[PDB]
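Accompanying notes for the structure given below.
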Protein chains: 6
Amino acid sequence: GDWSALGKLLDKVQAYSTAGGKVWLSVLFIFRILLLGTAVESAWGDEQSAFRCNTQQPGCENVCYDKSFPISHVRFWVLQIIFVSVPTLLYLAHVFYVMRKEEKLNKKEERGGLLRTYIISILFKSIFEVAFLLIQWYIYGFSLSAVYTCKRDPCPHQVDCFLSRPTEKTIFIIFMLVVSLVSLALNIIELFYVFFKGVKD
Amino acid sequence: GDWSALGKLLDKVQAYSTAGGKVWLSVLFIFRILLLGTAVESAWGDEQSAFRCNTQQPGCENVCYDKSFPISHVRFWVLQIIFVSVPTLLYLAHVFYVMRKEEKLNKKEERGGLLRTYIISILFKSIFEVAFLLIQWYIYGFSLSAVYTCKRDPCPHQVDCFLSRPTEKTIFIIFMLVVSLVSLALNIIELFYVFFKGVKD
Amino acid sequence: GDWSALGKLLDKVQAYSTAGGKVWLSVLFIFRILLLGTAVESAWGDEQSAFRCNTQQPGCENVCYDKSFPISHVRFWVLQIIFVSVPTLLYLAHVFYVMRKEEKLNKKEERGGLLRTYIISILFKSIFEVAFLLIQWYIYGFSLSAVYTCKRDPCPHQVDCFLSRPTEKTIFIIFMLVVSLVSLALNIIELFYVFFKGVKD
Amino acid sequence: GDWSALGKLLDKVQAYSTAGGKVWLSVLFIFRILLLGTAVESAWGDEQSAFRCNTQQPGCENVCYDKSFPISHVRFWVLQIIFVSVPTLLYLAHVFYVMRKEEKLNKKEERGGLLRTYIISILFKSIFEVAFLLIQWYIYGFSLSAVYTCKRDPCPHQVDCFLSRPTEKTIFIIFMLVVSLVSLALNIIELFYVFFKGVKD
Amino acid sequence: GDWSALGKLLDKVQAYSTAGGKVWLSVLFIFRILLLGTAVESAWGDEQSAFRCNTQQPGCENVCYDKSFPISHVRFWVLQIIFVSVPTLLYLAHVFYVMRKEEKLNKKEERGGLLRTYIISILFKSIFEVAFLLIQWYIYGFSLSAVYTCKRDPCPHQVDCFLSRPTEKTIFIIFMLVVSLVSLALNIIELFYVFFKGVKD
Amino acid sequence: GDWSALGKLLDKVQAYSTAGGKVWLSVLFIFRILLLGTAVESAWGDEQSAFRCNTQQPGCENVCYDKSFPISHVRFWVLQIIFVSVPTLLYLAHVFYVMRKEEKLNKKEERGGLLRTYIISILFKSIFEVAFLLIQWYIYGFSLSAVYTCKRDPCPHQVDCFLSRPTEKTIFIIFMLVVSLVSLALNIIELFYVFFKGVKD
């Protein structure tokens, strides 16, 4: 029966959000980590053992795989989802340590404090999301070609290198882009609702 | 002893369903995720390491494996079962946050609201199921041939490529098709029963 | 202390069985899933990486491994044990949803109903078991030869192909057959006892 | 606080054993499954990928690995420990279903029954242990030679085949033999104590 | 409801820290072990199977991989995070065994003791962090070159050896360096706050 | 709230130890199993697939890997830590079964007994530790050379064989030696304190 304090914590954390925003954000988060856990990581299993180039020079395959992928997409999405999940955990720990000290002060004695940090966290989530989307557009684009051309030393003039299952990776890149855009739009919607409520006093 | 609130939640979520529909849907769901977890994924383990073609041109195997399978069947079924399980979780979160706020309003004060979302979710499950069945029929069919012919650059004119255990994959494709059809039929049956009860007022 | 309702559920589910049948069926089930989880699946690990044929024609190994094993024994036994465990779970969910609604009706108001479904489930278990035993006898037999002969296109006239550890697979096939026969005999014994009690009125 | 019924169950199951026998049997069981889980199974990982023979005939390696090991030692010990752990679980389930029905009969009404099954189980454990020890002595012996000679078709007259890490497997075989003998001796000691107490009336 | 004693323990352990230091240290710790568990270890999977050298002399690859990496970065960071997490666990166990004995002494009878060990632990964390940073700078630097030159016996005069994905490892090395510096700065901040409070008496 | 009996058990087991010995032994144990679980076992992954010799004779690599490593270091440390953790579990089970029977005898009736077994267990831990250290010194030493010379049949006169990452294994061997010596010193310290208290009567 020790679940009422968790209910008061879930009340105090989601005090300012819309009743529609909470369910969609939670379901989208569970969807994101389940998709990244089950289907996506098994598709990038042999991302280097199947990468073959058309040459005989020893060491050309490693440097051409270097120049093709500066960072894999899976660890990119892991870093992105961790950086997005950090400020909600910071808000959670802050609200928990406020509630304990406040109950202490109230057992002794028988807006602008908590709203501001909520605004800061919901700003930082959108800022991190748009930063990661811009970096992913600048580095890779939103497709993968089946034939890559490599011009790095110590290979000869130009060699051809062939990727590994690029169609499936293009499909999953499009899915992660759609999920990212939906998350950004929902956070912007929550910001707009809170600042629309705030002007009516 | 903190299980009565979960009993009230299980009462309020399944308020409109048939007593026969609930047990068959739950057992079918457990059957589906257990079959997809244990037997199916281990059969698609070496779907690229055993794919051999009859050529010497370097890079023909990767592009012919590309043209053979635009997306693997396992991640297809994972995406399908996640898209089917999403609206039930949305209904669950909606009903939970209704019940908490309603108990708050009732502790303060000592059809068409919840039925409509139920109709929306049970429509969306069938729509997603028939969409995934049509896409799987359009892309792959419902069999796998042991010999595939490939006509993609930079290979020569036509090469032969041989798949990996296609009989077992055909058997499991037929099982997943049967499970999909049974799920669609049961959801249509539940819709028909609810709309048959609704006209008697 | 929230375990008495599970005790009433375990009372109401096993109301008609023999006191000797329940312990042997439960211990046999735990034995079956433990044997299938630990020892059996690790023996079928390299069922294709060690399958070698005596030829040079590219693609003969895949089609001869196809013709040798239409479906692996491990996923066969997984499908068999899932199809056997399904009707007991259906009976469990039915009895649980009967008990909740009956306690509701009793809190409002301060044979042939449940026996028939029990008979149906204990019929369906034996029917599924004898069906799977007949299919396994018709497809594979109950042994594995160390030398297999293959006559499929695009190989030449006849090639020899050598299996991977067939002695150990023969031993485990005999164990699974013995477990299957013991399960069928015990379910027939329970049916005979219940129909022998039923005629005395 | 729902742990007193488990205490009464642990009282009623170990009613007849020595106070020294219980701790040594339980610690030996935990020792056995921990040793078989952590250290032993990782040593038999590459038991076929490292088995090389001195020939060029295709298919000689599979049949010589067949003739060398009819069944691997790891699955042998798994089968042995499962067959040894079965009768204690049968006694547990029997005593539990006796206790529930007896408490029912006692809530209604406000040696030779349980001793015999205990004697049967503690006989069957020793019988299964000595059977498995005799079979392991008859098939393999208690050592592994580094050089094996093979005389099976379709190889030529005699080929040499070299095993994989036989020293470490000899050490672990000696450890499992010592553990087996200690288990048999302790069960014989418990039988002797119970039959020594039984004659004094 | 057995969570109040853990609340008193969490009160007594964090008695002297800043309200801002605790949330940032806990979130940084969870961030560190999650990053080291998910993304980092999968990038160092094939750190030896993809390391190729430009030679024919057998045994040059093993000794050049030896001279390139005296210790892998992953096990280095594991050792570092374990050595950093040790003194907090020592403080935890000390405070727990103080609290139990003190409650015993208080049930019998119906600064400088605990502050000093806190100062010792928060000194030792910073000392271990700066030691590991200095060793990592002295051995490897903070980058990885794609081409390594090897001059060890029994190779000839000088051979070229090519690493495996050095760009991604450079990125993750920079991330771990940034996390290390942030941890050191926060521990120095907590030391400065406690010694700034201590002089005001 | 069912945690007070575990508190009485933790009181009765650690009744004779020093307040400083318990925290250091528990933290050292957690340190040992965490280091052996995470970092050490992944370093010994390819201990045979990367072991190459300078020869053409088939079967020389297996017998030279045999003569190099009679038993791997990982399973050696697993056996050592299990043999060290056994007598504490024996003492735990003995004290638990004493406490239950003593509470039974006390509910009926409304030094030299427990100290001796504690002395026996804390003797046996040190004896097993010094035995394992002497065996590890006698077999392997405390280093690993990068070049090993092999003189076993059926190889020719003398071949050279090259190990796999010996520097990292030397570092981890030194760490395990340091942990072993610290454990032995702490157990000797606890013995000395208890026998120093015992003479004052």
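Chain labels run A, B, ... following the order of the structure tokens; each chain numbers its residues from 1, and ligands are numbered from 1 in the order shown.
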Each residue of region 37-150 of chain B with at least one atom at most 12 Å from region 21-45 of chain C should appear once, together with its nearest atom pair and the corresponding distance in Å (one decimal); atoms considered: only C-alpha atoms; ordering: chain, then increasing residue number; output as a Markdown table.
```
| residue | atom | partner | partner_atom | distance |
| --- | --- | --- | --- | --- |
| B:38 | CA | C:37 | CA | 10.3 |
| B:39 | CA | C:41 | CA | 10.7 |
| B:42 | CA | C:45 | CA | 9.8 |
| B:43 | CA | C:45 | CA | 10.9 |
| B:45 | CA | C:45 | CA | 10.8 |
| B:46 | CA | C:45 | CA | 11.7 |
```
Find the nearest atom pair between each residue of chain D and chain F for residues within 7 Å, count only C-alpha atoms, give distances in Å to one decimal, sort rows by chain and ascending number, and present the table as JSON lines.
```
{"residue": "D:1", "atom": "CA", "partner": "F:2", "partner_atom": "CA", "distance": 4.9}
{"residue": "D:23", "atom": "CA", "partner": "F:93", "partner_atom": "CA", "distance": 6.1}
{"residue": "D:27", "atom": "CA", "partner": "F:90", "partner_atom": "CA", "distance": 6.9}
{"residue": "D:39", "atom": "CA", "partner": "F:75", "partner_atom": "CA", "distance": 5.4}
{"residue": "D:52", "atom": "CA", "partner": "F:59", "partner_atom": "CA", "distance": 6.8}
{"residue": "D:54", "atom": "CA", "partner": "F:58", "partner_atom": "CA", "distance": 6.3}
{"residue": "D:162", "atom": "CA", "partner": "F:59", "partner_atom": "CA", "distance": 6.1}
{"residue": "D:164", "atom": "CA", "partner": "F:62", "partner_atom": "CA", "distance": 6.2}
{"residue": "D:165", "atom": "CA", "partner": "F:66", "partner_atom": "CA", "distance": 5.6}
{"residue": "D:167", "atom": "CA", "partner": "F:70", "partner_atom": "CA", "distance": 5.9}
{"residue": "D:168", "atom": "CA", "partner": "F:71", "partner_atom": "CA", "distance": 5.5}
```
DSSP alpha helix (DSSP H) residues within region 22-140 of chain A, listed as a ChimeraX atom specification: /A:22-35,41-43,60-68,73-108,115-139
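Here CA of residue 121 (chain C) is placed at a distance of 14.3 Å from CA of residue 183 (chain C).
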Pick out the residues sitting within 9 Å of residue 144 (chain B), and hand them over as a list in words; count only C-alpha atoms, and ignore anything fewer than 5 positions along from it in its own chain.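 Selected residues are residues 163, 166, 167, 169 and 170 of chain B.
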Convert the current residue selection to file output with C-alpha atoms, as a CSV table (one decimal), in the first residue's frame.
```csv
chain,number,residue,atom,x,y,z
B,163,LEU,CA,18.4,-17.9,-50.5
B,166,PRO,CA,13.2,-20.6,-47.5
B,167,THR,CA,10.9,-23.5,-46.5
B,169,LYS,CA,10.4,-19.0,-43.6
B,170,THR,CA,7.4,-19.9,-45.7
```
What's around residue 95 (chain B) at 12 Å? Count only C-alpha atoms, leave out sequence neighbours fewer than 4 positions away in its own chain, and write the answer as number ranges by chain. A: 19-20, 23; B: 8-15, 88-91, 99-102, 113-115, 117-118
